[PDB]
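Encoded as structure tokens, the structure appears first; notes follow it.
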4 protein chains.
Amino acid sequence: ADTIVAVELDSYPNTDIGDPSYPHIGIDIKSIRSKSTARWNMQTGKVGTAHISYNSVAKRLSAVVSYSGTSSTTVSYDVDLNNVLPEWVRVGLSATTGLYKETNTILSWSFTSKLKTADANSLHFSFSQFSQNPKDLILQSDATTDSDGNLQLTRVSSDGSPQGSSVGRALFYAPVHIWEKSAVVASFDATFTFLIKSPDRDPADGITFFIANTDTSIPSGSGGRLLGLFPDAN
Amino acid sequence: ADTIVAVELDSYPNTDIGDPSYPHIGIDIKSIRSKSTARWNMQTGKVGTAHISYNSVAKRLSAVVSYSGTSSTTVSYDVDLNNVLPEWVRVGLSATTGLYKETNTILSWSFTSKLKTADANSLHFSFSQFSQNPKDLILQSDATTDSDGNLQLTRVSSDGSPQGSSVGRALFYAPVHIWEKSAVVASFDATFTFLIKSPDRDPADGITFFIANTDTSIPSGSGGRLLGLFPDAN
Amino acid sequence: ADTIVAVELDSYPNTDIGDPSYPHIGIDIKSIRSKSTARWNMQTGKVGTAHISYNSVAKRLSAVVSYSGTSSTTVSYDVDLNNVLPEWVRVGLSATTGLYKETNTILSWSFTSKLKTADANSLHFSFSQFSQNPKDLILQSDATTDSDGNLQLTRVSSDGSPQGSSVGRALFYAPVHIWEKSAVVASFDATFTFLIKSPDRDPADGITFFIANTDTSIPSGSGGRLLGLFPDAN
Amino acid sequence: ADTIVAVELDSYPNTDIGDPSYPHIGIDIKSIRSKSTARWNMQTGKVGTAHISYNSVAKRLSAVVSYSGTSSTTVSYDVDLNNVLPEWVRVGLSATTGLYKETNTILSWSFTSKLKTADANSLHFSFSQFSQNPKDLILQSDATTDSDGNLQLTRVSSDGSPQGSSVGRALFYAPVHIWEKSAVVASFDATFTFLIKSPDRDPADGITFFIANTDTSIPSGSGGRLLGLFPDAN
Ligand SMILES: OC[C@H]1O[C@H](Oc2c[nH]c3ccc(Br)c(Cl)c23)[C@@H](O)[C@@H](O)[C@@H]1O
Ligand SMILES: OC[C@H]1O[C@H](Oc2c[nH]c3ccc(Br)c(Cl)c23)[C@@H](O)[C@@H](O)[C@@H]1O
Ligand SMILES: OC[C@H]1O[C@H](Oc2c[nH]c3ccc(Br)c(Cl)c23)[C@@H](O)[C@@H](O)[C@@H]1O
Ligand SMILES: OC[C@H]1O[C@H](Oc2c[nH]c3ccc(Br)c(Cl)c23)[C@@H](O)[C@@H](O)[C@@H]1O
Ligand SMILES: [Ca+2]
Ligand SMILES: [Ca+2]
Ligand SMILES: [Ca+2]
Ligand SMILES: [Ca+2]
Ligand SMILES: [Mn+2]
Ligand SMILES: [Mn+2]
Ligand SMILES: [Mn+2]
Ligand SMILES: [Mn+2]
Ligand SMILES: [Mn+2]
Ligand SMILES: [Mn+2]
Ligand SMILES: [Mn+2]
Ligand SMILES: [Mn+2]
Ligand SMILES: [Mn+2]
Ligand SMILES: [Mn+2]
Ligand SMILES: [Mn+2]
Ligand SMILES: [Mn+2]
Ligand SMILES: [Mn+2]
Ligand SMILES: [Mn+2]
Ligand SMILES: [Mn+2]
Ligand SMILES: [Mn+2]
Ligand SMILES: [Mn+2]
Ligand SMILES: [Mn+2]
Ligand SMILES: [Mn+2]
Ligand SMILES: [Mn+2]
């Protein structure tokens with residue numbers, strides 16, 4: 001099975017599998033059952049931004065979600081990620097819907113990785129718009145780019161109405177070398193902006209930024225509450 | 001056949017096929033017969049640096065090669081590259097040896113691409129050292145990374161002595177989107193540092209930075225004087 | 001007197017002093033009488049973007065202005081800027097109004113300078129919003145930042161209505177080293193976004209990005225058609 | 001008195017004032033008596049690198065010092081720096097000698113600051129060499145740049161032999177805005193490389209990277225063990 005590190009924006013509480021009884025952001029280390037969570041004042045219909053960062057000296061994975069003119073939500077987890085992840089990874093965004101649904105629209109995405117052992121090795125990309133058929137993305141499941149240059153991670157109709165029972169992911173094409181033996185320091189930083197809109201009283205299921213082994217794929221039975229990341233709820 | 005734009009550092013003059021009677025840097029648009037050339041005061045055995053840049057407004061492809069404490073060599077060619085290249089490309093370094101030989105050692109390589117249609121789309125990578133089996137490079141022909149973390153584009157012995165009759169290329173794994181319809185401006189910048197050492201009175205054949213269609217491969221019969229780039233000398 | 005290199009967005013034609021009979025973008029080398037001009041399809045009331053770039057190998061100063069969903073305007077001038085400018089400069093934006101007026105609102109500004117003689121020396125800044133009293137800007141004349149986090153280079157009223165007879169400039173606080181002896185290559189890149197709105201049939205006078213000697217100041221009698229840059233019309 | 005946050009590379013143990021009985025790296029919050037320390041396997045005569053990073057979500061200030069082919073030294077301190085520092089700061093390097101001495105040579109220095117409230121405000125600079133009279137640095141006390149393009153923070157002779165009883169500091173010219181009200185996330189990153197050589201059995205006194213209020217100056221009586229940062233030993 002895949003090795004996954006993720007920051008989930010979980011719009012739908014599945015208390016059955018450990019979710020708190022509210023919308024929340026969480027840090028997932030190798031399991032859908034977050035190591036750390038925080039309550040998320042979800043602003044359905046408004047543009048959000050998520051920012052995630054880590055470095056190997058501090059060993060502290062942190063995430064913040066904010067909307068214009070609102071309180072931010074932060075979560076942090078102390079973890080040595082080079083003991084969790086392989087040296088080469090792909091980074092991606094994932095989203096799902098289930099019985100309940102929402103648009104999982106990514107409007108921009110940027111990522112920087114640095115690895116030092118003069119002078120640091122690095123990878124940086126940014127998308128403020130995604131072309132149709134972006135050749136530097138691996139689109140998995142239902143993921144597509146729409147006519148507006150936005151990434152629709154889950155199925156959306158002609159008008160833009162979200163559909164249930166969907167999974168989609170977008171990975172950056174190039175593997176990233178996130179650690180080496182005798183590296184001095186390695187660090188990464190990711191940001192995305194998202195629009196989550198719904199006709200439903202309870203939107204589902206959420207959006208994640210995740211880091212996995214390079215050949216990662218959507219696991220069988222990972223729909224809905226498993227966010228396209230995990231084959232089970234352990 | 002591939003679509004190639006290259007800046008060649010041509011160490012060996014093949015007057016037979018248009019080379020001036022001296023070592024030279026050149027700008028190659030779709031043919032080994034450079035559109036523009038300049039005499040290159042080659043410092044065999046010393047670390048060089050090459051820098052290449054372009055933008056779509058200025059439409060002027062420029063390259064400079066320098067060594068510590070020596071005169072630089074510049075070449076420029078006025079060309080609209082978005083009329084030459086496809087929209088998605090891979091960028092690479094190539095080198096050859098023939099009957100005469102030299103090490104074609106790349107010590108570092110960095111590249112930035114920006115495409116604007118807020119806010120610009122971009123790709124940047126840098127290597128100050130290359131791991132063995134770098135997963136973000138496509139190594140073609142004889143190309144390998146050595147124990148020192150340097151890229152050896154052509155065959156080199158245990159001690160580091162160069163071998164003749166060799167071809168090698170290294171492409172960055174992710175395609176780069178270098179143009180779009182209604183783009184405002186698109187630009188790129190590449191730098192590499194190289195060590196060319198030889199036991200021969202005349203080193204051969206040279207090193208290139210090149211931009212090609214994404215599935216580019218080493219053409220049959222492109223050895224020696226064709227620098228791993230072209231199937232013929234037209 | 002100051003040494004000025006500028007890209008002017010000239011909204012008001014002063015044929016008296018060399019302006020074409022239309023709104024235009026121009027490249028000004030040491031005089032308000034542009035070395036190169038292009039007709040500018042001014043979209044009064046809409047957000048514009050301007051991008052300017054140069055490098056010392058290509059020796060070609062280029063600028064492009066665009067609005068969402070419209071044709072871009074480009075201008076270029078072949079010039080060796082290291083023969084014009086001192087080695088240390090300040091970079092700024094300037095604007096004026098005269099008898100006729102317009103808002104000269106800067107919404108964002110970013111700049112990168114690189115100087116290579118391993119590894120390149122560099123300066124980069126970006127503002128997507130400007131605080132009140134920005135300590136890293138030198139504000140000259142009427143220039144101020146407003147409550148929205150935008151830079152108002154010329155006087156604007158409580159409601160936001162533009163005022164005539166105004167001059168204002170904003171310089172980045174730190175001098176930039178744009179050339180050195182035996183530099184391999186030096187390059188810069190600047191972008192800004194602007195909103196020019198007017199109640200007048202003919203807006204005036206325009207907005208510039210400029211590069212000058214470090215202690216540059218607004219010259220006596222440089223109002224209106226002289227864009228805050230030049231003491232005279234020679 | 002100044003507000004100081006610093007990472008000290010303390011070569012000389014002053015147990016009198018809290019130093020451990022060995023060379024150490026430390027995190028200084030508003031006092032020479034470090035909040036956090038780690039033993040430093042000082043490699044006198046060899047080129048070191050120091051890297052320092054912080055972000056406002058993680059709230060963890062971290063530093064690592066390394067030499068080629070040796071074990072790194074890391075230190076971290078949990079601290080909300082936006083409760084310590086003003087919003088606008090200058091960043092600098094400082095060094096001292098006392099009765100015992102060492103060269104405090106800075107070979108390169110780079111710094112990135114980002115402040116987000118689209119899209120983040122930022123400042124980045126890098127020096128791989130320092131010109132004589134660098135106009136973007138404020139040199140305080142004995143600090144100068146030498147003929148090799150290196151920064152000598154303390155007095156050095158014609159041949160390069162270090163002198164005792166010296167203080168010197170180098171600040172970047174532009175203030176940096178490291179926090180704002182309702183910022184989402186703010187982060188910084190600094191790296192420098194240093195050469196500490198000595199004819200003495202015990203080198204003294206060390207080198208710091210520090211962040212202070214903008215008009216910071218070398219305090220009276222801050223020589224030797226106070227590293228040019230503090231007026232007293234409290
Ligand atoms: O999209 C919201 C959720 O829908 C389903 O779980 C249910 C949530 N409320 C229900 C009510 C009835 C039934 Br049957 C089911 Cl499966 C559910 C499942 O698809 C979950 O994976 C998902 O988290
Ligand atoms: O490496 C130098 C050159 O060697 C060969 O061309 C020759 C250069 N001098 C010669 C002398 C004799 C013969 Br046969 C040949 Cl093929 C050559 C060929 O391999 C060329 O492609 C290459 O440029
Ligand atoms: O703002 C537009 C222009 O206004 C003035 O020039 C005039 C343009 N039309 C006029 C009509 C009458 C008189 Br008087 C004047 Cl000065 C002008 C001057 O202030 C010019 O510097 C400026 O370019
Ligand atoms: O440079 C090393 C140290 O030298 C001095 O302190 C002493 C260290 N060993 C000593 C021995 C004798 C005397 Br007197 C003094 Cl002041 C010292 C002082 O200058 C200290 O500030 C500094 O840390
Ligand atoms: Ca859930
Ligand atoms: Ca040749
Ligand atoms: Ca005019
Ligand atoms: Ca000490
Ligand atoms: Mn959850
Ligand atoms: Mn980089
Ligand atoms: Mn694209
Ligand atoms: Mn960050
Ligand atoms: Mn409900
Ligand atoms: Mn040639
Ligand atoms: Mn970028
Ligand atoms: Mn690597
Ligand atoms: Mn460049
Ligand atoms: Mn010969
Ligand atoms: Mn004009
Ligand atoms: Mn830089
Ligand atoms: Mn600010
Ligand atoms: Mn550009
Ligand atoms: Mn008119
Ligand atoms: Mn100490
Ligand atoms: Mn930036
Ligand atoms: Mn300089
Ligand atoms: Mn870092
Ligand atoms: Mn001792």
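The way I read the labels, and the way they are meant: chains A, B, ... in the order of the structure tokens, residue 1 as the first residue of every chain, and ligand 1 as the first ligand shown, with later ones counted on from there.
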Tell me as a PDB file with N, CA and C atoms, in the first residue's frame which residues belonging to chain B come within 10 Å of chain A, counting only C-alpha atoms.
```
ATOM      1  N   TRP B  88       4.670  22.618 -25.332  1.00  0.00           N
ATOM      2  CA  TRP B  88       5.251  21.796 -24.277  1.00  0.00           C
ATOM      3  C   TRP B  88       6.545  21.207 -24.827  1.00  0.00           C
ATOM      4  N   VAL B  89       7.598  21.280 -24.019  1.00  0.00           N
ATOM      5  CA  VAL B  89       8.967  20.892 -24.413  1.00  0.00           C
ATOM      6  C   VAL B  89       9.606  20.130 -23.249  1.00  0.00           C
ATOM      7  N   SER B 108      26.780  21.443 -12.224  1.00  0.00           N
ATOM      8  CA  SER B 108      25.519  22.009 -11.705  1.00  0.00           C
ATOM      9  C   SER B 108      24.671  22.393 -12.884  1.00  0.00           C
ATOM     10  N   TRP B 109      23.368  22.470 -12.668  1.00  0.00           N
ATOM     11  CA  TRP B 109      22.441  22.872 -13.739  1.00  0.00           C
ATOM     12  C   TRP B 109      21.189  23.459 -13.104  1.00  0.00           C
ATOM     13  N   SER B 110      20.749  24.619 -13.596  1.00  0.00           N
ATOM     14  CA  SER B 110      19.565  25.228 -13.077  1.00  0.00           C
ATOM     15  C   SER B 110      18.780  25.826 -14.259  1.00  0.00           C
ATOM     16  N   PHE B 111      17.467  25.980 -14.089  1.00  0.00           N
ATOM     17  CA  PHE B 111      16.586  26.341 -15.203  1.00  0.00           C
ATOM     18  C   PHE B 111      15.386  26.975 -14.570  1.00  0.00           C
ATOM     19  N   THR B 112      14.905  28.062 -15.170  1.00  0.00           N
ATOM     20  CA  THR B 112      13.625  28.681 -14.751  1.00  0.00           C
ATOM     21  C   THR B 112      12.830  29.009 -15.997  1.00  0.00           C
ATOM     22  N   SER B 113      11.558  28.647 -15.954  1.00  0.00           N
ATOM     23  CA  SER B 113      10.609  28.938 -16.982  1.00  0.00           C
ATOM     24  C   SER B 113       9.447  29.679 -16.378  1.00  0.00           C
ATOM     25  N   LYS B 114       8.972  30.743 -17.046  1.00  0.00           N
ATOM     26  CA  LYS B 114       7.803  31.482 -16.582  1.00  0.00           C
ATOM     27  C   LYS B 114       6.854  31.752 -17.750  1.00  0.00           C
ATOM     28  N   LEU B 115       5.566  31.576 -17.504  1.00  0.00           N
ATOM     29  CA  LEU B 115       4.533  31.783 -18.507  1.00  0.00           C
ATOM     30  C   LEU B 115       3.408  32.594 -17.882  1.00  0.00           C
ATOM     31  N   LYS B 116       3.211  33.801 -18.395  1.00  0.00           N
ATOM     32  CA  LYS B 116       2.129  34.654 -17.915  1.00  0.00           C
ATOM     33  C   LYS B 116       0.940  34.829 -18.881  1.00  0.00           C
ATOM     34  N   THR B 117      -0.281  34.612 -18.382  1.00  0.00           N
ATOM     35  CA  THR B 117      -1.530  34.967 -19.140  1.00  0.00           C
ATOM     36  C   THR B 117      -2.438  36.025 -18.443  1.00  0.00           C
ATOM     37  N   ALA B 118      -3.415  38.183 -12.927  1.00  0.00           N
ATOM     38  CA  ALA B 118      -2.530  37.429 -11.974  1.00  0.00           C
ATOM     39  C   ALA B 118      -2.594  35.914 -12.235  1.00  0.00           C
ATOM     40  N   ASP B 119      -1.508  35.155 -12.061  1.00  0.00           N
ATOM     41  CA  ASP B 119      -0.103  35.566 -11.850  1.00  0.00           C
ATOM     42  C   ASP B 119       0.679  34.523 -12.653  1.00  0.00           C
ATOM     43  N   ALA B 120       1.971  34.711 -12.910  1.00  0.00           N
ATOM     44  CA  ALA B 120       2.642  33.833 -13.899  1.00  0.00           C
ATOM     45  C   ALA B 120       2.763  32.369 -13.469  1.00  0.00           C
ATOM     46  N   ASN B 121       2.551  31.436 -14.404  1.00  0.00           N
ATOM     47  CA  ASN B 121       2.857  30.031 -14.173  1.00  0.00           C
ATOM     48  C   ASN B 121       4.344  29.830 -14.304  1.00  0.00           C
ATOM     49  N   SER B 122       4.917  28.951 -13.482  1.00  0.00           N
ATOM     50  CA  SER B 122       6.359  28.780 -13.504  1.00  0.00           C
ATOM     51  C   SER B 122       6.866  27.401 -13.103  1.00  0.00           C
ATOM     52  N   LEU B 123       8.070  27.109 -13.574  1.00  0.00           N
ATOM     53  CA  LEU B 123       8.842  25.935 -13.233  1.00  0.00           C
ATOM     54  C   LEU B 123      10.255  26.390 -12.976  1.00  0.00           C
ATOM     55  N   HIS B 124      10.831  25.979 -11.848  1.00  0.00           N
ATOM     56  CA  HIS B 124      12.255  26.195 -11.605  1.00  0.00           C
ATOM     57  C   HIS B 124      12.856  24.934 -10.972  1.00  0.00           C
ATOM     58  N   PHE B 125      14.018  24.489 -11.452  1.00  0.00           N
ATOM     59  CA  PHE B 125      14.812  23.489 -10.751  1.00  0.00           C
ATOM     60  C   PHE B 125      16.264  23.903 -10.669  1.00  0.00           C
ATOM     61  N   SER B 126      16.983  23.402  -9.669  1.00  0.00           N
ATOM     62  CA  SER B 126      18.456  23.499  -9.691  1.00  0.00           C
ATOM     63  C   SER B 126      19.102  22.256  -9.079  1.00  0.00           C
ATOM     64  N   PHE B 127      20.203  21.841  -9.697  1.00  0.00           N
ATOM     65  CA  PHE B 127      21.057  20.802  -9.203  1.00  0.00           C
ATOM     66  C   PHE B 127      22.458  21.403  -8.990  1.00  0.00           C
ATOM     67  N   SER B 128      22.970  21.362  -7.768  1.00  0.00           N
ATOM     68  CA  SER B 128      24.390  21.624  -7.490  1.00  0.00           C
ATOM     69  C   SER B 128      25.092  20.290  -7.344  1.00  0.00           C
ATOM     70  N   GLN B 129      24.308  19.239  -7.203  1.00  0.00           N
ATOM     71  CA  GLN B 129      24.843  17.902  -7.300  1.00  0.00           C
ATOM     72  C   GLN B 129      23.741  16.977  -7.734  1.00  0.00           C
ATOM     73  N   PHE B 130      24.129  15.903  -8.404  1.00  0.00           N
ATOM     74  CA  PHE B 130      23.167  14.987  -8.972  1.00  0.00           C
ATOM     75  C   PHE B 130      23.332  13.693  -8.214  1.00  0.00           C
ATOM     76  N   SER B 131      22.247  13.143  -7.684  1.00  0.00           N
ATOM     77  CA  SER B 131      22.362  11.841  -7.057  1.00  0.00           C
ATOM     78  C   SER B 131      22.549  10.766  -8.126  1.00  0.00           C
ATOM     79  N   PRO B 134      19.101   9.759 -10.628  1.00  0.00           N
ATOM     80  CA  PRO B 134      18.213  10.857 -10.267  1.00  0.00           C
ATOM     81  C   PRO B 134      16.855  10.626 -10.921  1.00  0.00           C
ATOM     82  N   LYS B 135      15.801  10.547 -10.117  1.00  0.00           N
ATOM     83  CA  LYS B 135      14.480  10.198 -10.639  1.00  0.00           C
ATOM     84  C   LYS B 135      13.803  11.346 -11.389  1.00  0.00           C
ATOM     85  N   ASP B 136      14.289  12.576 -11.212  1.00  0.00           N
ATOM     86  CA  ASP B 136      13.776  13.724 -11.971  1.00  0.00           C
ATOM     87  C   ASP B 136      14.570  14.058 -13.230  1.00  0.00           C
ATOM     88  N   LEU B 137      15.463  13.163 -13.637  1.00  0.00           N
ATOM     89  CA  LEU B 137      16.172  13.294 -14.913  1.00  0.00           C
ATOM     90  C   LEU B 137      15.897  12.084 -15.783  1.00  0.00           C
ATOM     91  N   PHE B 172      15.303  17.113 -18.111  1.00  0.00           N
ATOM     92  CA  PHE B 172      14.484  17.243 -16.927  1.00  0.00           C
ATOM     93  C   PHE B 172      13.165  16.490 -17.124  1.00  0.00           C
ATOM     94  N   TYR B 173      12.739  15.788 -16.081  1.00  0.00           N
ATOM     95  CA  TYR B 173      11.637  14.837 -16.200  1.00  0.00           C
ATOM     96  C   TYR B 173      10.300  15.465 -16.606  1.00  0.00           C
ATOM     97  N   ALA B 174       9.965  16.598 -16.008  1.00  0.00           N
ATOM     98  CA  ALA B 174       8.698  17.298 -16.281  1.00  0.00           C
ATOM     99  C   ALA B 174       8.726  18.166 -17.560  1.00  0.00           C
ATOM    100  N   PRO B 175       7.702  18.016 -18.408  1.00  0.00           N
ATOM    101  CA  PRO B 175       7.558  18.891 -19.542  1.00  0.00           C
ATOM    102  C   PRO B 175       7.384  20.295 -19.010  1.00  0.00           C
ATOM    103  N   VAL B 176       7.833  21.269 -19.789  1.00  0.00           N
ATOM    104  CA  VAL B 176       7.700  22.663 -19.460  1.00  0.00           C
ATOM    105  C   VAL B 176       6.755  23.268 -20.500  1.00  0.00           C
ATOM    106  N   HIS B 177       5.788  24.033 -20.040  1.00  0.00           N
ATOM    107  CA  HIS B 177       4.864  24.780 -20.900  1.00  0.00           C
ATOM    108  C   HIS B 177       5.486  26.145 -21.182  1.00  0.00           C
ATOM    109  N   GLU B 180       1.584  29.761 -24.444  1.00  0.00           N
ATOM    110  CA  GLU B 180       0.153  29.543 -24.545  1.00  0.00           C
ATOM    111  C   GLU B 180      -0.483  30.613 -25.470  1.00  0.00           C
ATOM    112  N   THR B 214       8.693  17.002 -26.212  1.00  0.00           N
ATOM    113  CA  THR B 214       8.769  16.206 -24.986  1.00  0.00           C
ATOM    114  C   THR B 214       9.281  14.769 -25.110  1.00  0.00           C
TER     115      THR B 214
END
```
Practice item. Might you pull out every residue within 7 Å of residue 67 of chain B, with only C-alpha atoms counted and same-chain residues fewer than 4 positions away left off, and present them as a list in words? Key: residues 47, 48 and 49 of chain B
Can you tell me which residues surround residue 224 of chain D at a distance of at most 10 Å, considering only C-alpha atoms, apart from same-chain residues fewer than 5 positions away, and format the answer as a PDB file with C-alpha atoms, in the first residue's frame?
```
ATOM      1  CA  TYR D  12      34.627  30.943  23.265  1.00  0.00           C
ATOM      2  CA  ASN D  14      32.368  32.423  29.098  1.00  0.00           C
ATOM      3  CA  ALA D  95      30.991  39.247  15.233  1.00  0.00           C
ATOM      4  CA  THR D  96      33.545  40.040  17.955  1.00  0.00           C
ATOM      5  CA  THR D  97      36.989  39.299  19.205  1.00  0.00           C
ATOM      6  CA  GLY D  98      38.223  40.085  22.721  1.00  0.00           C
ATOM      7  CA  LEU D  99      41.479  39.118  24.384  1.00  0.00           C
ATOM      8  CA  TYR D 100      41.356  35.973  22.228  1.00  0.00           C
ATOM      9  CA  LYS D 101      40.725  36.320  18.454  1.00  0.00           C
ATOM     10  CA  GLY D 164      41.768  41.123  19.134  1.00  0.00           C
ATOM     11  CA  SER D 165      39.505  43.719  20.794  1.00  0.00           C
ATOM     12  CA  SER D 166      37.273  44.076  17.670  1.00  0.00           C
ATOM     13  CA  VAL D 167      33.504  44.478  16.950  1.00  0.00           C
ATOM     14  CA  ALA D 204      37.068  34.025  20.265  1.00  0.00           C
ATOM     15  CA  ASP D 205      34.456  35.259  20.247  1.00  0.00           C
ATOM     16  CA  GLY D 206      32.010  34.156  17.531  1.00  0.00           C
TER      17      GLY D 206
END
```
Exercise for review: Pick out the residues no farther than 10 Å from ligand 18, counting only C-alpha atoms and all ligand atoms, and list them as a ChimeraX atom specification.
Suggested key: /B:12-13,22,200-203
Prev. selection, N, CA, C and O atoms, output as an mmCIF file, in the first residue's frame:
```
data_model
loop_
_atom_site.group_PDB
_atom_site.id
_atom_site.type_symbol
_atom_site.label_atom_id
_atom_site.label_comp_id
_atom_site.auth_asym_id
_atom_site.auth_seq_id
_atom_site.Cartn_x
_atom_site.Cartn_y
_atom_site.Cartn_z
ATOM 1 N N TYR B 12 35.255 21.104 -31.164
ATOM 2 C CA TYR B 12 35.933 20.538 -32.334
ATOM 3 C C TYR B 12 35.344 21.070 -33.658
ATOM 4 O O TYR B 12 34.169 20.841 -33.960
ATOM 5 N N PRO B 13 36.160 21.778 -34.463
ATOM 6 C CA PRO B 13 35.690 22.348 -35.722
ATOM 7 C C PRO B 13 35.580 21.324 -36.840
ATOM 8 O O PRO B 13 36.597 20.738 -37.247
ATOM 9 N N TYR B 22 37.698 27.117 -35.642
ATOM 10 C CA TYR B 22 38.083 27.255 -34.256
ATOM 11 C C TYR B 22 36.967 26.749 -33.330
ATOM 12 O O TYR B 22 35.837 26.558 -33.781
ATOM 13 N N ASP B 200 43.935 14.777 -25.246
ATOM 14 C CA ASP B 200 44.076 14.995 -26.676
ATOM 15 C C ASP B 200 44.400 16.439 -26.987
ATOM 16 O O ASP B 200 43.952 17.365 -26.294
ATOM 17 N N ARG B 201 45.169 16.610 -28.050
ATOM 18 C CA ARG B 201 45.561 17.914 -28.555
ATOM 19 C C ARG B 201 44.330 18.693 -29.038
ATOM 20 O O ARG B 201 44.264 19.924 -28.886
ATOM 21 N N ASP B 202 43.371 17.968 -29.621
ATOM 22 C CA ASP B 202 42.081 18.542 -30.022
ATOM 23 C C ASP B 202 40.918 17.844 -29.299
ATOM 24 O O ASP B 202 40.563 16.730 -29.650
ATOM 25 N N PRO B 203 40.320 18.509 -28.300
ATOM 26 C CA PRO B 203 39.161 17.909 -27.635
ATOM 27 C C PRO B 203 37.952 17.865 -28.574
ATOM 28 O O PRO B 203 37.831 18.678 -29.485
#
```
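Compared by their closest atoms to ligand 14, and using only C-alpha atoms and all ligand atoms, the residues B:3, B:62, B:32, B:156 rank with B:32 nearest.
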Practice item. Please run DSSP on the backbone and report, as a PyMOL selection string, all residues within segment 132-174 of chain C that come out as strand (DSSP E). Key: chain C and resi 137-141+144-145+151-152+167-172
Pull N, CA, C and O atoms from the residues just selected and write them as a compact mmCIF listing (two decimals), in the first residue's frame.
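Result written to selection17.txt:
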```txt
# COMPACT_ATOMS: atom_id res chain seq x y z
N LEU C 137 9.92 51.54 1.26
CA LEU C 137 9.70 52.42 0.11
C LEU C 137 10.08 53.84 0.48
O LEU C 137 9.87 54.28 1.61
N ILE C 138 10.63 54.56 -0.48
CA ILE C 138 10.81 56.00 -0.33
C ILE C 138 9.69 56.68 -1.12
O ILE C 138 9.68 56.61 -2.32
N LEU C 139 8.74 57.31 -0.43
CA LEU C 139 7.66 58.00 -1.12
C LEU C 139 8.01 59.48 -1.30
O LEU C 139 8.34 60.19 -0.31
N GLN C 140 7.96 59.92 -2.56
CA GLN C 140 8.33 61.29 -2.96
C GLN C 140 7.11 62.02 -3.49
O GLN C 140 6.22 61.39 -4.10
N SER C 141 7.05 63.34 -3.26
CA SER C 141 5.96 64.17 -3.74
C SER C 141 4.65 63.73 -3.10
O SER C 141 4.58 63.53 -1.88
N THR C 144 1.30 58.26 -1.81
CA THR C 144 0.84 57.65 -0.57
C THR C 144 0.22 56.30 -0.86
O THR C 144 -0.11 56.00 -1.99
N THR C 145 0.09 55.51 0.19
CA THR C 145 -0.64 54.26 0.21
C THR C 145 -1.99 54.53 0.85
O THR C 145 -2.07 55.30 1.81
N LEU C 151 -1.12 51.57 -3.76
CA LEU C 151 -0.30 52.75 -3.84
C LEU C 151 -0.95 53.78 -4.76
O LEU C 151 -1.21 53.50 -5.94
N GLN C 152 -1.23 54.97 -4.21
CA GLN C 152 -1.75 56.09 -4.99
C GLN C 152 -0.62 57.06 -5.26
O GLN C 152 -0.24 57.85 -4.39
N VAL C 167 2.17 65.29 -8.60
CA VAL C 167 3.31 64.40 -8.87
C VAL C 167 3.61 63.48 -7.67
O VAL C 167 3.51 63.91 -6.54
N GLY C 168 3.93 62.20 -7.92
CA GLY C 168 4.29 61.27 -6.88
C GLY C 168 5.20 60.15 -7.38
O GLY C 168 5.08 59.70 -8.52
N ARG C 169 6.10 59.67 -6.52
CA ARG C 169 6.98 58.54 -6.91
C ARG C 169 7.23 57.60 -5.73
O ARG C 169 7.13 58.00 -4.56
N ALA C 170 7.49 56.33 -6.04
CA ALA C 170 7.79 55.37 -4.98
C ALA C 170 9.06 54.61 -5.35
O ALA C 170 9.12 54.02 -6.44
N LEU C 171 10.10 54.68 -4.53
CA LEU C 171 11.36 54.00 -4.84
C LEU C 171 11.54 52.89 -3.85
O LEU C 171 11.23 53.05 -2.68
N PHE C 172 12.10 51.77 -4.29
CA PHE C 172 12.49 50.75 -3.34
C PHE C 172 13.68 51.24 -2.51
O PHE C 172 14.64 51.82 -3.04
```
**Study point:** Residues near residue 10 of chain D, cut-off 12 Å, only C-alpha atoms, skip fewer than 6 positions along chain, as a PyMOL selection string
**Key:** chain D and resi 18-28+32-34+37-42+65+94-97+102+104+196+202-209+224-227
Practice item. Go through segment 26-230 of chain C and collect every residue that DSSP, computed from the backbone, puts in helix (DSSP H, G or I); the answer should be as a ChimeraX atom specification. Key: /C:81-83,224-226
So that I have them on file, write out the residues from the current selection with C-alpha atoms, as a compact mmCIF listing (two decimals), in the first residue's frame.
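Final output, part_30.txt:
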```
# COMPACT_ATOMS: atom_id res chain seq x y z
CA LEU C 81 22.12 49.88 -20.18
CA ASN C 82 25.44 49.50 -18.39
CA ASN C 83 26.70 52.37 -20.56
CA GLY C 224 2.38 66.98 -15.99
CA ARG C 225 3.89 65.86 -19.28
CA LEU C 226 7.37 65.31 -17.77
```
